[PDB]
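Computed over heavy atoms, backbone and side chain alike; hydrogens, waters and symmetry mates excluded. Each chain gets a letter, A, B and so on, in the order its sequence line appears, and its residues count up from 1.
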Amino acid sequence: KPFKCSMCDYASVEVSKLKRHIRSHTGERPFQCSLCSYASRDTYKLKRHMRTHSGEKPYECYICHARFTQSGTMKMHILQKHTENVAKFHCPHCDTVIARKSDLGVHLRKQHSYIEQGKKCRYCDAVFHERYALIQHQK
DNA sequence: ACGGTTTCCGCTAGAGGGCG
DNA sequence: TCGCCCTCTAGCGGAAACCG
Ligand SMILES: [Zn+2]
Ligand SMILES: [Zn+2]
Ligand SMILES: [Zn+2]
Ligand SMILES: [Zn+2]
Ligand SMILES: [Zn+2]
């Protein structure tokens with residue numbers, strides 16, 4: 001409506017939007033950096049990748065003047081540093097509270113995901129394949 | 001106190017959406 | 001239209017902070 005994707009269920013109004021989405025399915029990265037071996041699927045992510053080469057920090061916190069490469073990083077810094085009563089991330093499986101969303105993801109794969117490279121309990125010889133079960137068992 | 005682990009914090013880079 | 005630019009999202013890795 002008008003342009004449905006055919007593999008996944010994406011659809012959007014513009015032909016360029018559906019073709020860019022299909023580049024996400026195929027893996028085509030048309031726009032090559034003229035400086036290194038990076039290549040992007042659209043023009044914007046290449047322009048933004050060029051800031052790493054130039055080393056520019058075009059965003060500045062209007063409160064403490066720290067500088068940042070991207071706006072989202074600046075916004076988040078303002079949120080964690082110059083703002084109170086902000087919602088935190090409580091893990092569903094344990095009692096852990098984390099300030100940032102992706103750190104919660106890091107926590108979930110690192111403490112609550114299966115690893116066949118299991119660890120032995122420090123005090124007995126039983127082995128566990130998820131760290132939280134291990135540390136809880138180690139009572 | 002001391003090493004390991006957990007959380008912080010700026011970083012790169014991945015998607016989709018609005019509009020002139 | 002579609003090229004431009006925007007936010008939101010996902011993870012990385014060094015540093016700091018926390019703990020048994
Ligand atoms: Zn698709
Ligand atoms: Zn490059
Ligand atoms: Zn600031
Ligand atoms: Zn947890
Ligand atoms: Zn045991």
Side-chain angles (χ1 to χ4, degrees), chain A residues 2 5-8 10-14 20-21 23-27 29-31 33-113 115 118 120-121 123-135 137-138:
Chain A
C5 174
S6 71
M7 274 146 73
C8 81
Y10 179 68
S12 148
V13 153
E14 312 151 21
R20 174 183 82 188
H21 168 77
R23 279 200 300 275
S24 295
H25 269 317
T26 69
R29 295 163 175 267
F31 306 97
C33 175
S34 72
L35 277 184
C36 82
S37 65
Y38 173 80
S40 158
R41 74 101 199 261
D42 69 291
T43 186
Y44 174 85
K45 292 198 253 290
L46 178 59
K47 260 164 109 183
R48 171 186 75 187
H49 163 89
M50 299 307 275
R51 318 181 186 155
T52 48
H53 287 296
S54 35
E56 66 165 3
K57 331 220 184 168
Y59 303 98
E60 161 170 354
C61 172
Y62 73 116
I63 294 172
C64 82
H65 309 288
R67 298 198 146 271
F68 302 93
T69 173
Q70 301 180 9
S71 190
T73 308
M74 184 192 72
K75 151 155 183 195
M76 184 77 221
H77 162 273
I78 288 171
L79 242 191
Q80 295 298 313
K81 252 59 209 151
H82 310 318
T83 313
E84 50 181 47
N85 210 30
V86 188
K88 311 200 63 53
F89 296 90
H90 306 248
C91 175
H93 313 308
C94 66
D95 77 337
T96 309
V97 176
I98 284 60
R100 291 183 191 66
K101 207 169 75 188
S102 42
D103 287 354
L104 180 64
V106 174
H107 172 95
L108 295 154
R109 298 182 293 285
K110 257 189 45 50
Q111 313 274 337
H112 312 272
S113 58
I115 311 125
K120 173 205 177 297
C121 162
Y123 92 128
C124 92
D125 280 21
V127 163
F128 301 76
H129 287 283
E130 142 187 300
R131 180 154 183 80
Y132 183 70
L134 183 270
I135 297 281
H137 166 258
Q138 299 198 320

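For A:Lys101, a side-chain nitrogen or oxygen approaches OP1 or OP2 of C:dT9 to under 4.0 Å. Checking the phosphate oxygens (OP1, OP2) of C:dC8, no side-chain nitrogen or oxygen of A:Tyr44 falls inside 4.0 Å. An OP1 or OP2 oxygen of C:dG20 is reached within less than 4.0 angstrom by no side-chain nitrogen or oxygen of A:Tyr123. Residue A:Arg29 places at least one side-chain N or O under 4.0 Å from the OP1 or OP2 atom of B:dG14. Residue A:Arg41 places at least one side-chain N or O under 4.0 Å from the OP1 or OP2 atom of B:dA15.
Considering only heavy atoms from C-beta on, A:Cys94 stays 4.5 Å or farther from A:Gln111 through its side chain. Taking 4.5 Å as the limit, some side-chain heavy atom of A:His49 sits within range of a side-chain heavy atom of A:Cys33. Under the 4.5 Å side-chain criterion, counting only non-hydrogen atoms from C-beta, A:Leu104 is in contact with A:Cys91. Side chains of A:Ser12 and A:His21 form no contact here, defined as non-hydrogen atoms less than 4.5 Å apart.
C:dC5 has a negative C1'-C2'-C3'-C4' torsion, placing its sugar in the south range. When the pucker is read from the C1'-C2'-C3'-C4' torsion, the sugar belonging to C:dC6 turns out north, on the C3'-endo side. Judged by the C1'-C2'-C3'-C4' torsion, the sugar of B:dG14 sits on the north side, since the angle is positive. Nucleotide B:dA15 shows a positive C1'-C2'-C3'-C4' value and thus a north, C3'-endo-like sugar.
Look at CG on A:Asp42: it is 9 Å from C1' on B:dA15, rounded to the nearest Å. Atom-to-atom, NE2 of A:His49 to P of B:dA13 comes out at 6 Å; the value is rounded to the nearest Å. The separation between A:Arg23 atom CZ and C:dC2 atom P is 11 Å, rounded to whole Å. Atom-to-atom, CG of A:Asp95 to P of C:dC19 comes out at 11 Å; the value is rounded to the nearest Å. As a whole-Å value, the separation of A:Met50 CE from C:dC4 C1' is 17 Å.
Across all strands shown, nothing is found opposite C:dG20 as a Watson-Crick or G-U wobble partner with both distances under 3.5 Å.
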Using a cut-off of under 3.5 Å, enumerate the N/O to N/O pairs linking the protein to nucleotides 3-10 of chain B.
from	atom 1	to	atom 2	distance (Å)
B:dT6	OP2	A:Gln111	NE2	3.0
B:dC8	OP2	A:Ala99	N	3.0
B:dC9	OP1	A:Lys81	NZ	2.6
B:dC9	OP2	A:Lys81	NZ	2.6
B:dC9	OP2	A:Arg100	NH2	3.3
B:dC9	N4	A:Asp103	OD1	2.9
B:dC9	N4	A:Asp103	OD2	3.3

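With A:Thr83 contributing its side chain and A:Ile78 its backbone, the two residues share a donor-acceptor pair below 3.5 Å. Between the side chain of A:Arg41 and the backbone N or O of A:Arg23 there is no donor-acceptor pair closer than 3.5 Å.
Checked against C:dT7, B:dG16, B:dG18, the side chain of A:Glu14 finds its nearest nucleotide in B:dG18. In the set B:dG16, C:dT9, C:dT7, the nucleotide with an atom closest to the side chain of A:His21 is B:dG16.
Checked options A:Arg131, A:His107, A:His93; the residue passing with A:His112 is A:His107 (criterion: side-chain hydrogen bond (donor to acceptor under 3.5 Å, both in side chains)).
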